[PDB]
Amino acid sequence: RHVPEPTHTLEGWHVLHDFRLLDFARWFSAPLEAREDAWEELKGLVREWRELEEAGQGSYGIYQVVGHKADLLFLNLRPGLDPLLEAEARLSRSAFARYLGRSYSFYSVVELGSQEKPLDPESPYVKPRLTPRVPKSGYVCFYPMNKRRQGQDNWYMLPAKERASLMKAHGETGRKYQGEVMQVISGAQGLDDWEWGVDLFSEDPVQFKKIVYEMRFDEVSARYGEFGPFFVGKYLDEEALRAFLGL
């Protein structure tokens, strides 16, 4: 009979992608003092996220997202779900949130995978990847995905050896962009609607187009990739966010 050879994984920081749409009409028409009050509270919340990051308790990033799918991405990473629930609840109860609508979200956990043998969690070549720091500049590309389980294209029924080969080739394609595109892979198996969440960071959004298109020709993607929506956002420092909000 079929002998399962489950992929080995290591979990790192938990991740929450919080996408929201801005009610432009309501925000820009609100009394200036009300907007300033909301602005002070918002900055205070973000300073707290920054504080946690400096204490090595997570990472975060806020982005201006292009298109109708979302306007602002509040990305947070923490040591567990509770701190994420906290960050999410606090944002949701903020005065600024009164002018926002949740459009999409994703709960996942930083995942390091290995198809054949378990990874050494204490290896200096593995451990740092468990707690990725979000770049404070550039752009981000986020998209969820599953590994196909259809007809003759069933990733989960393949022998571990074949999966290892397919993943190695995929990793090699990705490394052509070493130093150009940073990648954070998170798993949402049993946690959200898709099996993985993927974050790509770069100083030029065109790099996202180059790497994603090229990777689609790797057999692992061509035959086994099932992709969800793609969100592209530009990193916003405090001043950039202030300008975005018209303050």
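Heads up: residue numbers just count along the shown sequence, starting at 1.
- In this crystal structure, the stretch out of 117 to 125 and 168 to 176 whose C-alpha atoms carry the higher mean B factor is 117 to 125.
- When 45 to 53 is weighed against 212 to 220, 45 to 53 comes out higher, by mean CA B-factor as recorded in the entry.
- Looking at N76, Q150, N146, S108, the one whose CA carries the top B-factor in the deposited record is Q150.
- Remark: of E195, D204, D199, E33, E33 shows the highest value [criterion: C-alpha B-factor in the PDB entry].
- Ranked within its chain, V15 lands in the lowest third, by CA B factor from the PDB record.
- In the PDB entry, a CA B factor belonging to the middle third of its chain's modelled residues is recorded for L130.
- Per the deposited record, the Cα B-factor of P83 falls in the highest third when ranked against the other modelled residues of its chain.
- Remark: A97 belongs to the lowest third of its chain, ranked by C-alpha B-factor as recorded.
- Compared with the other modelled residues of the chain, the Cα B-factor recorded for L22 ranks in the middle third.
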